[PDB]
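J.: So that we are looking at the same thing, I have put the structure below in structure tokens.
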Amino acid sequence: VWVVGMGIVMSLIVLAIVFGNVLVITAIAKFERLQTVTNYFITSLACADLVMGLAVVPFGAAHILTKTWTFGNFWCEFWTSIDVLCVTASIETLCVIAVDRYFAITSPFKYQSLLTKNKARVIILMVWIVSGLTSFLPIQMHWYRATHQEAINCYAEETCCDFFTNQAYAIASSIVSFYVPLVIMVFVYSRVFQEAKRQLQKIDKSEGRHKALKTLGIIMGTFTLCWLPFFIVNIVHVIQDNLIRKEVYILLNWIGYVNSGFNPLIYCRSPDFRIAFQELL
Ligand SMILES: CN[C@@H]1CCc2c(ccc(O)c2O)[C@H]1O
């Protein structure tokens with residue numbers, strides 16, 4: 001009375017993610033007026049979200065609904081690697097976009113000199129490579145493997161897939177993937193807000209006879225509310241093994257997945273994108 005209908009939500013999420021990401025990619029690729037150095041970061045972010053929505057989500061949905069993993073252990077390890085890869089790549093691309101905006105507003109004359117067409121490709125490749133070294137290299141060689149008896153029983157059996165991780169791997173991965181980008185983005189947006197307030201005050205002083213707050217609020221709040229509650233419990237549940245159950249962890253992780261769907265509605269609402277979308281349909 002629950003399974004026969006609760007798959008509708010997963011189907012809707014999959015459809016929304018795939019449609020939004022493919023529409024953004026098609027709009028950027030097809031029309032030449034959208035070709036910009038800043039738009040390449042959005043292209044990489046959309047590609048990461050598309051891969052996530054095409055691979056990670058359906059298999060997880062099958063895992064919860066069926067409650068068994070029909071496929072082998074090799075596919076389980078591959079799925080975990082893809083999950084970690086996509087998550088960290090997306091979160092790092094967000095910080096890259098924020099730093100680009102910081103450089104755009106803070107230093108207006110030499111914005112062009114710092115970043116060109118060729119440098120963006122190198123930045124994106126380095127971001128994806130650092131993302132890859134976090135997931136595939138440790139998982140495939142079995143560095144994260146736990147040691148307690150329940151983990152051994154889960155790992156030996158070929159029909160169960162429960163994520164058991166070492167303390168050191170969890171801490172290092174969380175620090176590399178979330179907290180450093182969080183700090184960088186906070187500092188960047190604080191400086192940007194200060195500059196905007198100064199300019200607004202200058203204009204009001206010039207023309208003798210509030211708006212950036214909402215713009216910063218959407219971007220900060222969406223990311224923080226979507227990805228902060230997951231990493232708190234991720235860090236906590238390794239130090240103490242009795243506080244956090246195995247269902248709240250899954251619920252928070254799936255809450256974090258939805259953040260891929262909201263990215264096109266935040267970073268791709270410019271008017272030129274509106275003309276591009278209107279022309280397509
Ligand atoms: C199966 N879910 C995984 C488990 C742990 C983990 C995730 C995402 C980013 C990380 O850095 C992680 O360590 C989650 O998506």
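Ordering of the structure tokens sets the chain letters (A, B, ...), residue numbers begin anew at 1 in every chain, and ligands are numbered from 1 in the order given.
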For residue A:185, list every protein, DNA or RNA residue within 8 Å, evaluated using only C-alpha atoms, and leave out those in the same chain fewer than 6 positions away; present the list as a list in words.
T.: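 Listed by chain and then number, they are residues 95, 98 and 99 of chain A.
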J.: Generate the output file for the selected residues, N, CA, C and O atoms, as a compact mmCIF listing (two decimals), in the first residue's frame.
T.:
```
# COMPACT_ATOMS: atom_id res chain seq x y z
N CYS A 95 32.12 25.83 -5.90
CA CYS A 95 33.15 26.72 -5.36
C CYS A 95 33.94 27.39 -6.47
O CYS A 95 34.33 28.56 -6.35
N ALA A 98 31.90 30.27 -7.63
CA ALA A 98 31.94 31.36 -6.66
C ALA A 98 33.24 32.15 -6.75
O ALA A 98 33.23 33.39 -6.71
N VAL A 99 34.37 31.45 -6.88
CA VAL A 99 35.66 32.14 -6.98
C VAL A 99 35.74 32.95 -8.27
O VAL A 99 36.29 34.06 -8.30
```
J.: Select from stretch 44-214 of chain A everything DSSP, run on the backbone, classes as helix (DSSP H, G or I), then give the selection as JSON, numbers by chain.
T.: {"A": [44, 45, 46, 47, 48, 49, 50, 51, 52, 53, 54, 55, 56, 57, 58, 59, 60, 61, 62, 63, 64, 65, 66, 73, 74, 75, 76, 77, 78, 79, 80, 81, 82, 83, 84, 85, 86, 87, 88, 89, 90, 91, 92, 93, 94, 95, 96, 97, 98, 99, 100, 101, 102, 103, 104, 105, 106, 111, 112, 113, 114, 117, 118, 119, 120, 121, 122, 123, 124, 125, 126, 127, 128, 129, 130, 131, 132, 133, 134, 135, 136, 137, 138, 139, 140, 149, 150, 151, 152, 153, 154, 155, 156, 167, 168, 169, 170, 171, 172, 173, 174, 175, 176, 177, 178, 179, 180, 181, 182, 183, 184, 185, 186, 187, 188, 189, 190, 191, 192, 193, 194, 195, 196, 197, 198, 199, 200, 201, 202, 203, 204, 205, 206, 212, 213, 214]}
J.: For residue A:63, please output as a list in words all residues within 12 Å (counting only C-alpha atoms; exclusion window: fewer than 5 positions along the same chain).
T.: residues 7, 56, 57, 58, 68, 69, 70, 71, 76, 79, 159, 160, 161, 162 and 250 of chain A
J.: Generate the output file for the selected residues, N, CA and C atoms, as an mmCIF file, in the first residue's frame.
T.:
```cif
data_model
loop_
_atom_site.group_PDB
_atom_site.id
_atom_site.type_symbol
_atom_site.label_atom_id
_atom_site.label_comp_id
_atom_site.auth_asym_id
_atom_site.auth_seq_id
_atom_site.Cartn_x
_atom_site.Cartn_y
_atom_site.Cartn_z
ATOM 1 N N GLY A 7 7.062 4.760 -5.435
ATOM 2 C CA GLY A 7 7.973 4.875 -6.558
ATOM 3 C C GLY A 7 7.666 6.030 -7.482
ATOM 4 N N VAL A 56 23.222 7.040 -10.544
ATOM 5 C CA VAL A 56 23.187 6.803 -9.103
ATOM 6 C C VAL A 56 21.758 6.589 -8.616
ATOM 7 N N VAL A 57 20.837 7.465 -9.019
ATOM 8 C CA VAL A 57 19.503 7.470 -8.412
ATOM 9 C C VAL A 57 18.713 6.194 -8.690
ATOM 10 N N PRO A 58 18.593 5.709 -9.937
ATOM 11 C CA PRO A 58 17.747 4.522 -10.158
ATOM 12 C C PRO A 58 18.202 3.288 -9.399
ATOM 13 N N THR A 68 17.010 -5.809 -1.725
ATOM 14 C CA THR A 68 18.109 -6.706 -2.051
ATOM 15 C C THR A 68 18.899 -6.132 -3.219
ATOM 16 N N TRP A 69 20.165 -6.524 -3.306
ATOM 17 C CA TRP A 69 21.060 -6.117 -4.387
ATOM 18 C C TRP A 69 21.285 -7.326 -5.287
ATOM 19 N N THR A 70 20.500 -7.417 -6.363
ATOM 20 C CA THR A 70 20.581 -8.580 -7.240
ATOM 21 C C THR A 70 21.930 -8.672 -7.941
ATOM 22 N N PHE A 71 22.548 -7.537 -8.244
ATOM 23 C CA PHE A 71 23.815 -7.521 -8.954
ATOM 24 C C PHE A 71 24.957 -7.910 -8.016
ATOM 25 N N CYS A 76 28.392 -3.065 -7.100
ATOM 26 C CA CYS A 76 28.195 -2.252 -5.902
ATOM 27 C C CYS A 76 29.357 -1.287 -5.697
ATOM 28 N N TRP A 79 29.175 1.437 -8.314
ATOM 29 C CA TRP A 79 28.121 2.398 -8.015
ATOM 30 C C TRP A 79 28.549 3.359 -6.913
ATOM 31 N N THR A 159 24.721 -10.369 -1.773
ATOM 32 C CA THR A 159 23.372 -9.858 -1.974
ATOM 33 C C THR A 159 23.044 -8.685 -1.061
ATOM 34 N N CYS A 160 24.030 -8.142 -0.350
ATOM 35 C CA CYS A 160 23.819 -7.035 0.571
ATOM 36 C C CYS A 160 24.805 -5.920 0.265
ATOM 37 N N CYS A 161 24.328 -4.677 0.341
ATOM 38 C CA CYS A 161 25.156 -3.498 0.071
ATOM 39 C C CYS A 161 24.812 -2.428 1.105
ATOM 40 N N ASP A 162 25.542 -2.435 2.216
ATOM 41 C CA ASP A 162 25.430 -1.411 3.245
ATOM 42 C C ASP A 162 26.776 -0.718 3.374
ATOM 43 N N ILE A 250 20.222 7.278 5.504
ATOM 44 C CA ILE A 250 19.727 7.141 4.138
ATOM 45 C C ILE A 250 18.814 8.305 3.783
#
```
J.: Residues contacting ligand 1 - anything with an atom at most 6 Å away, using only C-alpha atoms and all ligand atoms - can you give me those as a VMD selection string?
T.: chain A and resid 80 83 to 84 87 163 170 173 to 174 177
J.: In terms of the shortest atom-to-atom distance over only C-alpha atoms, which of A:142, A:238, A:50, A:78 is closest to residue A:20?
T.: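 Of all the options, A:50 lies closest to residue A:20.
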J.: Using only C-alpha atoms, pick whichever of A:40, A:155, A:231, A:2 has the shortest atom-to-atom distance to residue A:171.
T.: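 Among A:40, A:155, A:231, A:2, it is A:231 that comes nearest to residue A:171.
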J.: Give me, please, the distance in Å between atom CA of residue A:128 and atom CA of residue A:218, quoted to one decimal.
T.: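 Taking atom CA of residue A:128 as the start and atom CA of residue A:218 as the end point, the length is 25.9 Å.
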J.: Give the answer as one residue: which of A:65, A:176, A:220, A:8 has the shortest atom-to-atom distance to residue A:190, using only C-alpha atoms?
T.: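 For residue A:190, the nearest of the candidates is A:220.
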J.: Pick out the residues sitting within 12 Å of residue A:55, and hand them over as a list in words; count only C-alpha atoms, and ignore anything fewer than 4 positions along from it in its own chain.
T.: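 Using only C-alpha atoms, the neighbours found are residues 14, 17, 18, 48, 49, 50, 51, 59, 60, 61, 62, 75, 78, 79, 80, 81, 82, 83, 85 and 86 of chain A.
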J.: Store the residues of this selection in a file with C-alpha atoms, as a JSON list (two decimals), in the first residue's frame.
T.:
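Saved result, result22.json, follows:
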```json
[["chain", "number", "residue", "atom", "x", "y", "z"],
["A", 14, "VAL", "CA", 14.52, 11.15, -12.08],
["A", 17, "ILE", "CA", 16.70, 15.89, -13.05],
["A", 18, "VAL", "CA", 17.31, 14.38, -16.49],
["A", 48, "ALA", "CA", 27.86, 15.93, -13.33],
["A", 49, "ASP", "CA", 24.20, 16.27, -12.35],
["A", 50, "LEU", "CA", 23.14, 14.41, -15.50],
["A", 51, "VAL", "CA", 25.49, 11.51, -14.73],
["A", 59, "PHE", "CA", 20.00, 1.87, -8.63],
["A", 60, "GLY", "CA", 19.56, 3.31, -5.15],
["A", 61, "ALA", "CA", 15.80, 3.46, -5.64],
["A", 62, "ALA", "CA", 15.88, -0.22, -6.61],
["A", 75, "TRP", "CA", 28.74, -3.37, -9.51],
["A", 78, "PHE", "CA", 31.38, 0.75, -9.09],
["A", 79, "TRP", "CA", 28.12, 2.40, -8.01],
["A", 80, "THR", "CA", 29.66, 3.72, -4.80],
["A", 81, "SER", "CA", 32.63, 5.10, -6.74],
["A", 82, "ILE", "CA", 30.35, 6.90, -9.20],
["A", 83, "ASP", "CA", 28.28, 8.30, -6.32],
["A", 85, "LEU", "CA", 32.80, 11.07, -7.82],
["A", 86, "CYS", "CA", 29.67, 12.94, -8.89]]
```
J.: Write out as JSON, numbers by chain which residues come within 12 Å of residue A:123 when counting only C-alpha atoms, dropping same-chain ones fewer than 3 positions away.
T.: {"A": [37, 38, 40, 41, 44, 92, 93, 95, 96, 97, 99, 100, 115, 116, 117, 118, 119, 120, 126, 127, 128, 129, 130]}
J.: With distances taken over only C-alpha atoms, which residue among A:141, A:52, A:27, A:244 lies nearest residue A:259?
T.: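 Checking each of A:141, A:52, A:27, A:244 against residue A:259, counting only C-alpha atoms, the winner is A:52.
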J.: Would you please work out which residue, of A:275, A:34, A:219, A:13, is nearest to residue A:54 when using only C-alpha atoms?
T.: A:13
J.: I need the residue nearest residue A:221 from this list: A:188, A:172, A:196, A:182. Use only C-alpha atoms for the distance.
T.: A:182
J.: Leaving out residue A:257 and any residue of its chain fewer than 3 positions from it, which residues lie within 9 Å of it when counting only C-alpha atoms, given as a PyMOL selection string?
T.: chain A and resi 52-53+57+87+226-227+252-254+260-261
